[PDB]
Structure formats: structure tokens, C-alpha cells
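One file, work.txt, is given below (compact mmCIF, C-alpha atoms and all ligand atoms).
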```txt
# COMPACT_ATOMS: atom_id res chain seq x y z
CA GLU A 1 19.00 59.77 71.02
CA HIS A 2 19.25 58.58 74.66
CA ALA A 3 23.01 58.09 74.25
CA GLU A 4 23.32 57.64 78.04
CA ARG A 5 21.87 54.13 77.59
CA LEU A 6 24.85 52.83 75.58
CA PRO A 7 26.88 49.93 77.08
CA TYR A 8 29.75 51.17 79.25
CA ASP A 9 33.08 49.30 79.21
CA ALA A 10 34.13 50.06 82.79
CA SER A 11 37.36 48.05 82.44
CA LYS A 12 38.44 50.45 79.67
CA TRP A 13 37.13 53.79 80.97
CA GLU A 14 36.58 53.78 84.73
CA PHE A 15 39.23 55.69 86.69
CA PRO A 16 39.55 55.82 90.52
CA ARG A 17 38.61 59.21 92.02
CA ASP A 18 41.40 58.87 94.62
CA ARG A 19 43.99 58.78 91.80
CA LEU A 20 43.22 62.43 90.92
CA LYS A 21 44.94 65.48 92.37
CA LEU A 22 42.43 68.29 91.82
CA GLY A 23 43.76 71.73 90.87
CA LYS A 24 42.67 75.10 89.52
CA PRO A 25 39.20 75.69 88.04
CA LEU A 26 39.16 75.92 84.23
CA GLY A 27 35.52 76.82 83.62
CA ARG A 28 31.95 76.44 84.80
CA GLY A 29 28.76 75.41 83.02
CA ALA A 30 25.18 74.43 83.82
CA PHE A 31 26.44 70.88 84.53
CA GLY A 32 28.87 71.90 87.27
CA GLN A 33 32.52 72.72 86.64
CA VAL A 34 35.67 71.75 84.79
CA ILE A 35 38.84 71.60 86.85
CA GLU A 36 42.47 70.87 86.09
CA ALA A 37 43.87 67.73 87.70
CA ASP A 38 46.86 65.42 87.67
CA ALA A 39 45.90 61.78 87.09
CA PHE A 40 48.10 58.89 88.14
CA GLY A 41 48.01 55.79 85.94
CA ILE A 42 45.26 56.93 83.55
CA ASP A 43 47.03 55.62 80.42
CA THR A 44 52.94 57.79 85.14
CA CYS A 45 51.41 61.21 85.84
CA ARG A 46 49.29 63.07 83.29
CA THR A 47 47.57 66.46 83.52
CA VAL A 48 43.88 66.31 82.62
CA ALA A 49 40.71 68.41 82.57
CA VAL A 50 37.87 66.98 84.65
CA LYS A 51 34.25 67.88 84.06
CA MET A 52 32.29 67.17 87.23
CA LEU A 53 28.55 67.10 87.80
CA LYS A 54 27.42 69.56 90.46
CA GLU A 55 25.83 68.30 93.66
CA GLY A 56 22.03 68.57 93.60
CA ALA A 57 21.90 68.29 89.81
CA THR A 58 18.56 67.51 88.19
CA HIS A 59 17.87 64.22 86.42
CA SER A 60 18.03 66.04 83.05
CA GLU A 61 21.41 67.62 83.93
CA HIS A 62 22.79 64.25 85.10
CA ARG A 63 21.42 62.49 81.98
CA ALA A 64 23.01 65.19 79.78
CA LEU A 65 26.52 64.66 81.21
CA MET A 66 26.24 60.85 80.91
CA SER A 67 25.04 61.31 77.33
CA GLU A 68 28.10 63.49 76.65
CA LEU A 69 30.41 60.79 78.05
CA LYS A 70 28.75 58.14 75.87
CA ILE A 71 28.90 60.41 72.80
CA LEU A 72 32.66 60.90 73.26
CA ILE A 73 33.12 57.13 73.66
CA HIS A 74 30.97 56.41 70.58
CA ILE A 75 32.82 58.89 68.36
CA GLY A 76 36.18 57.28 69.20
CA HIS A 77 39.78 58.45 69.11
CA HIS A 78 41.30 60.99 66.73
CA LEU A 79 44.43 63.14 67.15
CA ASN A 80 42.44 66.29 66.34
CA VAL A 81 39.41 65.71 68.59
CA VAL A 82 39.79 66.36 72.34
CA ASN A 83 40.90 63.00 73.78
CA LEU A 84 38.62 61.26 76.29
CA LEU A 85 40.85 59.47 78.83
CA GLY A 86 38.51 58.18 81.51
CA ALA A 87 35.45 58.69 83.66
CA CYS A 88 34.31 58.31 87.26
CA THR A 89 30.77 56.89 87.26
CA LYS A 90 30.59 54.47 90.21
CA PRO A 91 29.00 55.40 93.59
CA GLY A 92 31.02 57.35 96.19
CA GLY A 93 31.57 60.65 94.36
CA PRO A 94 30.36 62.87 91.52
CA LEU A 95 30.04 61.85 87.88
CA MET A 96 33.30 62.92 86.25
CA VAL A 97 34.40 63.01 82.61
CA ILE A 98 38.16 63.20 82.07
CA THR A 99 39.89 64.53 78.94
CA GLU A 100 43.50 65.36 78.01
CA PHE A 101 44.74 68.77 79.14
CA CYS A 102 45.75 71.12 76.33
CA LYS A 103 48.52 73.39 77.62
CA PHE A 104 47.84 76.48 75.50
CA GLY A 105 44.06 76.64 75.90
CA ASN A 106 41.64 77.85 73.23
CA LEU A 107 43.04 78.82 69.83
CA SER A 108 41.44 82.27 69.59
CA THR A 109 43.00 83.53 72.84
CA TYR A 110 46.33 81.87 72.01
CA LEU A 111 46.61 83.41 68.53
CA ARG A 112 45.74 86.83 69.95
CA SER A 113 48.64 86.42 72.39
CA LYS A 114 51.09 85.84 69.51
CA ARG A 115 50.56 89.00 67.41
CA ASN A 116 54.04 90.33 68.31
CA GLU A 117 55.46 86.83 67.79
CA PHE A 118 54.55 86.14 64.16
CA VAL A 119 56.60 86.14 60.96
CA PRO A 120 55.48 84.72 57.59
CA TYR A 121 58.49 82.37 57.69
CA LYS A 122 61.77 82.20 59.61
CA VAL A 123 65.07 83.25 58.04
CA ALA A 124 68.51 82.27 59.41
CA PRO A 125 69.58 83.03 62.10
CA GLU A 126 66.28 81.47 63.19
CA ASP A 127 66.84 82.20 66.90
CA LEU A 128 65.54 85.72 66.18
CA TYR A 129 62.15 84.01 65.82
CA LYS A 130 62.23 81.52 68.71
CA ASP A 131 58.69 80.27 69.43
CA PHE A 132 57.20 82.56 66.76
CA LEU A 133 54.16 81.56 64.78
CA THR A 134 54.57 81.34 61.01
CA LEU A 135 52.28 80.79 58.01
CA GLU A 136 53.33 77.14 58.24
CA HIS A 137 51.85 76.96 61.78
CA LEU A 138 48.61 78.65 60.68
CA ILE A 139 48.11 76.35 57.66
CA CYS A 140 49.03 73.40 59.88
CA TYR A 141 46.30 74.33 62.42
CA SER A 142 43.83 74.74 59.53
CA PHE A 143 44.76 71.34 58.07
CA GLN A 144 44.38 69.63 61.47
CA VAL A 145 40.92 71.08 62.12
CA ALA A 146 39.88 69.96 58.63
CA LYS A 147 41.24 66.45 59.44
CA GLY A 148 39.30 66.42 62.73
CA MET A 149 36.11 67.49 60.97
CA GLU A 150 36.62 64.93 58.21
CA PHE A 151 36.86 62.33 60.99
CA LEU A 152 33.72 63.62 62.73
CA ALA A 153 31.83 63.50 59.41
CA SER A 154 32.95 59.89 58.90
CA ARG A 155 31.43 59.17 62.33
CA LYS A 156 28.15 60.72 61.06
CA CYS A 157 28.54 63.70 63.39
CA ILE A 158 27.71 67.38 62.89
CA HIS A 159 29.53 69.83 65.19
CA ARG A 160 27.08 72.81 64.98
CA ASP A 161 29.40 75.24 66.82
CA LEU A 162 32.74 75.17 65.00
CA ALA A 163 34.83 78.24 65.89
CA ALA A 164 38.37 79.04 67.09
CA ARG A 165 37.12 79.24 70.72
CA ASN A 166 36.22 75.56 70.32
CA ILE A 167 39.73 74.53 69.28
CA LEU A 168 42.29 73.62 71.95
CA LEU A 169 46.05 73.82 71.43
CA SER A 170 48.28 71.15 72.96
CA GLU A 171 52.06 70.57 72.69
CA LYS A 172 53.83 69.87 69.36
CA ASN A 173 51.35 72.27 67.69
CA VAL A 174 48.54 69.70 67.87
CA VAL A 175 45.04 71.18 67.84
CA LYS A 176 41.91 69.48 69.12
CA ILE A 177 38.26 70.09 68.27
CA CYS A 178 35.97 70.36 71.28
CA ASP A 179 32.53 71.63 72.23
CA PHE A 180 32.57 73.86 75.31
CA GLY A 181 28.75 73.83 75.10
CA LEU A 182 28.38 77.62 75.20
CA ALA A 183 25.20 77.38 73.09
CA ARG A 184 23.64 75.41 75.96
CA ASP A 185 28.79 85.27 76.09
CA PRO A 186 29.47 87.95 73.40
CA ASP A 187 29.82 85.31 70.64
CA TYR A 188 26.26 84.10 71.24
CA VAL A 189 23.18 86.24 70.60
CA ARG A 190 20.18 85.31 72.78
CA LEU A 191 23.22 81.47 68.76
CA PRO A 192 26.77 81.89 67.41
CA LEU A 193 25.40 84.01 64.54
CA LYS A 194 28.81 85.10 63.21
CA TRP A 195 29.75 81.46 62.51
CA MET A 196 26.38 80.32 61.11
CA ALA A 197 25.62 79.55 57.46
CA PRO A 198 22.69 81.47 55.93
CA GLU A 199 20.53 78.30 55.85
CA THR A 200 21.24 77.85 59.57
CA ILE A 201 20.37 81.45 60.51
CA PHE A 202 17.14 81.62 58.51
CA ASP A 203 15.90 78.03 58.65
CA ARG A 204 17.73 76.32 61.53
CA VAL A 205 19.26 73.81 59.08
CA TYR A 206 22.41 72.12 60.46
CA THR A 207 24.45 69.83 58.18
CA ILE A 208 28.11 68.96 57.63
CA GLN A 209 28.02 71.59 54.86
CA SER A 210 26.95 74.31 57.31
CA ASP A 211 29.92 73.16 59.45
CA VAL A 212 32.04 73.91 56.33
CA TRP A 213 30.73 77.49 56.38
CA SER A 214 31.72 77.71 60.06
CA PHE A 215 35.15 76.30 59.15
CA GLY A 216 35.54 79.23 56.72
CA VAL A 217 34.91 81.65 59.58
CA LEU A 218 37.39 79.66 61.71
CA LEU A 219 39.98 80.08 58.90
CA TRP A 220 39.39 83.84 59.03
CA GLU A 221 39.96 83.69 62.80
CA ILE A 222 43.24 81.82 62.30
CA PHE A 223 44.58 84.17 59.60
CA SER A 224 43.66 87.26 61.62
CA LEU A 225 45.51 85.81 64.64
CA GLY A 226 42.36 85.54 66.74
CA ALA A 227 40.32 88.60 65.71
CA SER A 228 36.56 88.60 66.19
CA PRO A 229 34.67 88.02 62.91
CA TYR A 230 32.84 90.85 61.08
CA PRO A 231 34.68 93.79 62.67
CA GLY A 232 32.64 97.02 62.76
CA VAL A 233 29.35 95.21 62.03
CA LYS A 234 26.33 94.87 64.31
CA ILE A 235 24.88 91.36 63.97
CA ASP A 236 21.27 92.22 63.09
CA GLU A 237 18.75 91.94 60.20
CA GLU A 238 20.94 94.03 57.86
CA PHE A 239 23.88 91.67 58.49
CA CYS A 240 21.63 88.74 57.52
CA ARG A 241 20.31 90.57 54.43
CA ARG A 242 23.82 91.33 53.18
CA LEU A 243 25.06 87.79 53.88
CA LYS A 244 22.15 86.45 51.79
CA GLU A 245 23.14 88.96 49.07
CA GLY A 246 26.73 87.63 48.96
CA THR A 247 28.69 90.06 51.16
CA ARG A 248 31.67 88.37 52.83
CA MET A 249 34.50 89.39 55.16
CA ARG A 250 37.55 91.04 53.61
CA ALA A 251 40.90 89.22 53.68
CA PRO A 252 42.43 89.14 57.20
CA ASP A 253 45.88 90.62 57.94
CA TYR A 254 47.93 87.40 57.86
CA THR A 255 46.28 85.46 55.03
CA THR A 256 47.76 84.15 51.79
CA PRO A 257 45.73 84.60 48.57
CA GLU A 258 45.08 80.81 48.48
CA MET A 259 43.80 80.74 52.07
CA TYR A 260 41.47 83.68 51.42
CA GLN A 261 40.03 81.95 48.33
CA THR A 262 39.46 78.87 50.51
CA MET A 263 37.45 81.00 52.97
CA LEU A 264 35.38 82.33 50.06
CA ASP A 265 34.81 78.76 48.83
CA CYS A 266 33.58 77.68 52.29
CA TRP A 267 31.22 80.67 52.23
CA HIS A 268 29.40 79.70 49.04
CA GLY A 269 25.69 80.55 49.32
CA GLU A 270 24.73 77.05 48.16
CA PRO A 271 25.65 74.31 50.70
CA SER A 272 26.26 71.74 47.93
CA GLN A 273 28.80 74.03 46.21
CA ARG A 274 31.02 74.38 49.30
CA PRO A 275 34.07 72.10 49.49
CA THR A 276 33.73 68.94 51.59
CA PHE A 277 36.00 68.41 54.57
CA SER A 278 37.69 65.67 52.52
CA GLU A 279 38.43 68.24 49.78
CA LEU A 280 39.65 70.72 52.42
CA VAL A 281 42.01 68.13 53.91
CA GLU A 282 43.44 67.46 50.44
CA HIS A 283 43.73 71.14 49.51
CA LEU A 284 45.11 72.32 52.85
CA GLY A 285 47.52 69.36 53.06
CA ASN A 286 48.89 70.29 49.66
CA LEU A 287 49.21 73.98 50.64
CA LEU A 288 50.95 72.90 53.85
CA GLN A 289 53.43 70.66 52.01
CA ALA A 290 54.28 73.47 49.57
CA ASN A 291 54.80 75.89 52.43
CA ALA A 292 56.82 73.50 54.64
CA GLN A 293 59.18 72.43 51.85
CA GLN A 294 59.63 75.53 49.65
CA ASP A 295 62.62 76.98 51.54
CA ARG A 296 65.58 74.85 50.48
CA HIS A 297 68.11 76.79 52.62
CA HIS A 298 68.90 73.86 54.92
CA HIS A 299 68.64 71.30 52.10
CA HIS A 300 71.80 71.68 50.02
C1 LIG B 1 43.00 75.21 79.22
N1 LIG B 1 43.24 73.88 78.64
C2 LIG B 1 42.26 72.97 78.56
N2 LIG B 1 42.56 71.71 78.17
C3 LIG B 1 41.60 70.79 78.09
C4 LIG B 1 40.28 71.12 78.42
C5 LIG B 1 39.97 72.43 78.82
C6 LIG B 1 38.67 72.84 79.19
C7 LIG B 1 38.55 74.00 79.96
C8 LIG B 1 37.28 74.43 80.36
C9 LIG B 1 36.16 73.70 79.99
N3 LIG B 1 36.28 72.59 79.27
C10 LIG B 1 37.49 72.14 78.86
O1 LIG B 1 37.58 71.00 78.11
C11 LIG B 1 36.48 70.36 77.60
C12 LIG B 1 35.91 70.80 76.40
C13 LIG B 1 34.81 70.13 75.86
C14 LIG B 1 34.29 68.99 76.49
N4 LIG B 1 33.22 68.35 75.99
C15 LIG B 1 33.03 67.93 74.73
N5 LIG B 1 31.98 67.19 74.40
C16 LIG B 1 32.06 66.92 73.11
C17 LIG B 1 31.22 66.19 72.26
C18 LIG B 1 31.54 66.07 70.91
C19 LIG B 1 32.70 66.68 70.42
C20 LIG B 1 33.05 66.55 68.93
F1 LIG B 1 34.10 65.76 68.81
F2 LIG B 1 32.03 66.03 68.24
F3 LIG B 1 33.35 67.75 68.46
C21 LIG B 1 33.54 67.41 71.27
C22 LIG B 1 33.21 67.53 72.62
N6 LIG B 1 33.80 68.15 73.65
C23 LIG B 1 34.87 68.55 77.69
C24 LIG B 1 34.35 67.42 78.34
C25 LIG B 1 34.93 66.96 79.52
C26 LIG B 1 36.02 67.63 80.07
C27 LIG B 1 36.54 68.76 79.43
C28 LIG B 1 35.97 69.22 78.24
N7 LIG B 1 41.00 73.30 78.89
```
Take the structure I supplied and represent it as C-alpha cells, if you would.
Amino acid sequence: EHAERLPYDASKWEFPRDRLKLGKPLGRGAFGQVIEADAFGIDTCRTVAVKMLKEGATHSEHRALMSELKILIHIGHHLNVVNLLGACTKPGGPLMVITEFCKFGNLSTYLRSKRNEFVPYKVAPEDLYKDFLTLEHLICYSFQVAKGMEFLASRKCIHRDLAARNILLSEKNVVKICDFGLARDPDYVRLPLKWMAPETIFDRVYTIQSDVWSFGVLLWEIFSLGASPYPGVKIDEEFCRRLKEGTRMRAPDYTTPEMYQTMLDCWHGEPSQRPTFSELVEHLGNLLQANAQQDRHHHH
């Protein structure tokens, strides 16, 4: 622990506060707030999201945000993990942590907005389906999250709150894993129980294999175009009993048979019998390739 104590390469990370144009609020937490900004010369102009420590923060709050900064630095860069771009740590203003802005926001809300703009696959004339989501998009998002999680695992990380609300969508259909820190809201019971593996619910065990369970729930979210898990079910002791017994969600409205089986696999009762993220990357990549290449219309 005590990640805040890690060496800080200021030449790499430090960004001048006066090179930010602060814009609309994006969200608030115990730390302070996250606001949209345009940053000049952070890499040109680039839109970013800036998490800033509130004035009058406690030592523990301040330590927590610095720890977060150091954790993001330690993990390192991956396409599918929200990209840390800079920080403002020196005297003269608040502690600020700067990440890339993702135009389309969280994946759950985005997918929900596209329910009248989805077709399994385009057919010519394709302009009838301009900016529509397809199965190819959904498998692509799934593959990317698996890639991100594979990367996090290789960094010896465990996410602990994997869910569609914690995935951000940028341009060029690139998705990014984040942690909005909502554990520290209707998705959280005073714990994100709907996303938690049975060993996590009953025994507070968190491993990369419980993240795999959560990934299964995330897949269900994707292939339902942003529905809330376990429709029509109160999340109480009977829910937990039935989960232990082997009851699982039914196939969502937009799934393929293969994708549903993958959900079921992720939801194995035994952590060791669930696929690894490496296996998921392989499997999903193969499913994506098949999907992306199967229509030979334009390939005479
Ligand atoms: C609407 N578009 C958009 N684009 C980018 C960011 C946001 C955003 C909006 C409201 C609140 N937070 C937002 O972004 C963040 C998410 C998570 C953050 N923190 C975070 N801390 C993390 C630590 C670890 C990992 C792991 F990679 F392991 F998954 C991911 C983590 N994510 C942010 C930190 C600083 C600034 C923004 C952060 N919103």
C-alpha cells in the first residue's frame, strides 16, 4: 500500500494549471469533482477530464487522490484503460489528475441510447444504417474490455467493480476501462451485488477470477444494449440462494448463441473453472474476426 509515496516523474507528468480551460462539470465524488477541460500542449488542443481535490479536504482524502494518481502511473498505458495524460501537483492550486476525455461517456447509457439504431449487420445500401450499432460493434467492445482486463491482470491488478457503467466510449469505437469509485446509487446496495461473484458476496473474496464473473455480467449488459442486470428480481437473500444453486440470467435480446455461452462460462460457480481473460481475448477475438469477415459482399 501507500502508493502515494512512489517516485513522481514531474518532467513526464506535471502539467501547468494555466494551460487548462475549465468547462462543464462531469461528476462529483467524496474527493471533489471531475470537470471537462481543454488542455493546450498536454501531449495542440485536447479535451480532457480533470479530477480535482476539493478545498478543505482531509489528509486521508488528499492521500487517496495522490494514491490514485500513482496507481494510474504504476499500471501504465493501454488502449483499453482510461489514459492518464497529466497531473497538477505543485503549489499554487488544487491537486488535479487529468485523463483523456471519452466523447460518448459510459457504455451502459450509450448502448441504451442506441436501441432504435441497431441492426445485427448492415446490408447494402448501408446508408440506411448510418451510425448504427451492429453485432460486430458489440463483440468488438467485448473483445476490447477483455484485452484491457488481460492487461490489468498482467500488471497484477484486480478491478473489483467491473460493469458497463465503468466502461467509457471514445471515438473510433475504442472503449476504456475505468473506476468511477462509486463503491467508495441504485447499482450499489448499502456493494455492486448484481456484478459480484458468489464467493465475493458471501466471503468478500476478490480475485481476477471474480472479475471474470463481473465480465460475464458486463457481457449481458452489452448484449441487452444497456439493460440493468436481473430484471424483475429483488437483490436479497433469495437472489443469493438461487445464484449459489446455479440460477443465471436468461439470454439478452441482442445476443448470439456463442456470446450467451460465454456469459454462462464466466458465471461458473467454481472460480478456477471460469475462463481466464487471456482465454476470453482469444475466444472473443476469434468470434470478432468471424463476424467482421463473413460477409463477402464487398470482396469479389
Ligand atoms: C463523459 N466522458 C468522460 N470521459 C472521460 C472521463 C469522464 C469522467 C466523468 C466523470 C467522472 N470521472 C470521469 O473519468 C474518470 C474515471 C475514473 C477515474 N479514475 C480511475 N482510477 C483508476 C484506477 C485504476 C483503474 C484500472 F485501470 F485499474 F481499472 C482505473 C481507474 N480510473 C478518473 C480519474 C481522473 C479523472 C477522471 C476519471 N467522462
Could the residues of chain A that have an atom at most 6 Å from ligand LIG 1 (chain B) be listed as a Markdown table, each with its closest atom pair and the distance in Å to one decimal, counting only C-alpha atoms and all ligand atoms and ordered by chain and ascending residue number?
```
| residue | atom | partner | partner_atom | distance |
| --- | --- | --- | --- | --- |
| A:26 | CA | B:LIG1 | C8 | 4.6 |
| A:27 | CA | B:LIG1 | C8 | 4.4 |
| A:34 | CA | B:LIG1 | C9 | 5.2 |
| A:49 | CA | B:LIG1 | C4 | 5.0 |
| A:50 | CA | B:LIG1 | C26 | 5.0 |
| A:51 | CA | B:LIG1 | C26 | 4.4 |
| A:68 | CA | B:LIG1 | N5 | 5.8 |
| A:72 | CA | B:LIG1 | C17 | 5.6 |
| A:81 | CA | B:LIG1 | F1 | 5.3 |
| A:97 | CA | B:LIG1 | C25 | 5.0 |
| A:98 | CA | B:LIG1 | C26 | 5.3 |
| A:99 | CA | B:LIG1 | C26 | 5.1 |
| A:100 | CA | B:LIG1 | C3 | 5.8 |
| A:101 | CA | B:LIG1 | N2 | 3.8 |
| A:102 | CA | B:LIG1 | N2 | 3.7 |
| A:103 | CA | B:LIG1 | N1 | 5.4 |
| A:105 | CA | B:LIG1 | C1 | 3.8 |
| A:159 | CA | B:LIG1 | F3 | 5.4 |
| A:177 | CA | B:LIG1 | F3 | 5.4 |
| A:178 | CA | B:LIG1 | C21 | 3.8 |
| A:179 | CA | B:LIG1 | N6 | 4.0 |
| A:180 | CA | B:LIG1 | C13 | 4.4 |
```
- How far is it from atom CA of residue 143 of chain A to atom CA of residue 281 of chain A, in Å with one decimal? 5.9 Å
- Neighbours of residue 10 of chain A within 12 Å (only C-alpha atoms; same-chain residues fewer than 2 positions away dropped), as a VMD selection string? chain A and resid 7 to 8 12 to 16 70 73 86 to 90
- Message: Env of residue 249 of chain A: 10 Å cut, atoms = all atoms listed in the file, seq-sep filter 5 positions within chain, self excluded. Answer as a list in words.
- Response: residues 217, 220, 229, 230, 231, 243, 260, 263, 264 and 267 of chain A
Check which residues of segment 93-122 of chain A sit at most 12 Å from segment 130-134 of chain A using all atoms listed in the file, and return one row each with the closest pair of atoms and their distance in Å to one decimal, ordered by chain and rising number, as JSON lines.
```
{"residue": "A:110", "atom": "CA", "partner": "A:133", "partner_atom": "CA", "distance": 10.7}
{"residue": "A:111", "atom": "CA", "partner": "A:133", "partner_atom": "CA", "distance": 8.6}
{"residue": "A:112", "atom": "CA", "partner": "A:133", "partner_atom": "CA", "distance": 11.2}
{"residue": "A:113", "atom": "CA", "partner": "A:133", "partner_atom": "CA", "distance": 10.6}
{"residue": "A:114", "atom": "CA", "partner": "A:133", "partner_atom": "CA", "distance": 7.1}
{"residue": "A:115", "atom": "CA", "partner": "A:133", "partner_atom": "CA", "distance": 8.7}
{"residue": "A:116", "atom": "CA", "partner": "A:132", "partner_atom": "CA", "distance": 8.5}
{"residue": "A:117", "atom": "CA", "partner": "A:132", "partner_atom": "CA", "distance": 4.7}
{"residue": "A:118", "atom": "CA", "partner": "A:133", "partner_atom": "CA", "distance": 4.6}
{"residue": "A:119", "atom": "CA", "partner": "A:134", "partner_atom": "CA", "distance": 5.2}
{"residue": "A:120", "atom": "CA", "partner": "A:134", "partner_atom": "CA", "distance": 4.9}
{"residue": "A:121", "atom": "CA", "partner": "A:134", "partner_atom": "CA", "distance": 5.2}
{"residue": "A:122", "atom": "CA", "partner": "A:134", "partner_atom": "CA", "distance": 7.4}
```
Mind writing the picked residues with C-alpha atoms as a PDB file, keeping the file's coordinate frame?
```pdb
ATOM      1  CA  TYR A 110      46.330  81.870  72.010  1.00  0.00           C
ATOM      2  CA  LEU A 111      46.610  83.410  68.530  1.00  0.00           C
ATOM      3  CA  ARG A 112      45.740  86.830  69.950  1.00  0.00           C
ATOM      4  CA  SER A 113      48.640  86.420  72.390  1.00  0.00           C
ATOM      5  CA  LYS A 114      51.090  85.840  69.510  1.00  0.00           C
ATOM      6  CA  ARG A 115      50.560  89.000  67.410  1.00  0.00           C
ATOM      7  CA  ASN A 116      54.040  90.330  68.310  1.00  0.00           C
ATOM      8  CA  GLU A 117      55.460  86.830  67.790  1.00  0.00           C
ATOM      9  CA  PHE A 118      54.550  86.140  64.160  1.00  0.00           C
ATOM     10  CA  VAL A 119      56.600  86.140  60.960  1.00  0.00           C
ATOM     11  CA  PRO A 120      55.480  84.720  57.590  1.00  0.00           C
ATOM     12  CA  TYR A 121      58.490  82.370  57.690  1.00  0.00           C
ATOM     13  CA  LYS A 122      61.770  82.200  59.610  1.00  0.00           C
TER      14      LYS A 122
END
```
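Taking atom CA of residue 209 of chain A as the reference point, atom CA of residue 246 of chain A is found at 17.1 Å.
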- Item | Interatomic distance, atom CA of residue 171 of chain A to atom CA of residue 104 of chain A (Å, one decimal) | 7.8 Å
- Task: Do a neighbour search on residue 166 of chain A at 12 Å with all atoms listed in the file, toss out local chain neighbours closer than 4 positions, and write the hits as a ChimeraX atom specification.
- Result: /A:80-82,105-109,145,159-162,175-183,187,192,195,214-215,218,221
- Item | Close residues, residue 247 of chain A itself excluded, 12 Å, only C-alpha atoms, min 6 positions apart in chain, as JSON, numbers by chain | {"A": [198, 230, 238, 239, 240, 241, 264, 267, 268, 269]}
Residues from the last selection, C-alpha atoms, saved as a short mmCIF file (atom, residue, chain, number, x, y, z; two decimals), in the frame of the given file:
```cif
data_model
loop_
_atom_site.label_atom_id
_atom_site.label_comp_id
_atom_site.auth_asym_id
_atom_site.auth_seq_id
_atom_site.Cartn_x
_atom_site.Cartn_y
_atom_site.Cartn_z
CA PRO A 198 22.69 81.47 55.93
CA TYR A 230 32.84 90.85 61.08
CA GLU A 238 20.94 94.03 57.86
CA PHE A 239 23.88 91.67 58.49
CA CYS A 240 21.63 88.74 57.52
CA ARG A 241 20.31 90.57 54.43
CA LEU A 264 35.38 82.33 50.06
CA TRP A 267 31.22 80.67 52.23
CA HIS A 268 29.40 79.70 49.04
CA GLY A 269 25.69 80.55 49.32
#
```
- Query: Which residues, written as a list in words, have at least one atom at most 9 Å from segment 2-4 of chain A, with only C-alpha atoms counted and residues fewer than 6 positions away on the same chain left out?
  - Reply: residues 63, 64, 65, 66, 67, 68, 69, 70, 71 and 74 of chain A
- Given the choices A:31, A:223, A:277, A:206, which gets closest to residue 158 of chain A if the distance is worked out from all atoms listed in the file? A:206
- Note on the structure: Min atom-atom distance to residue 290 of chain A from the set A:208, A:128, A:37, A:140, counting all atoms listed in the file, belongs to A:140
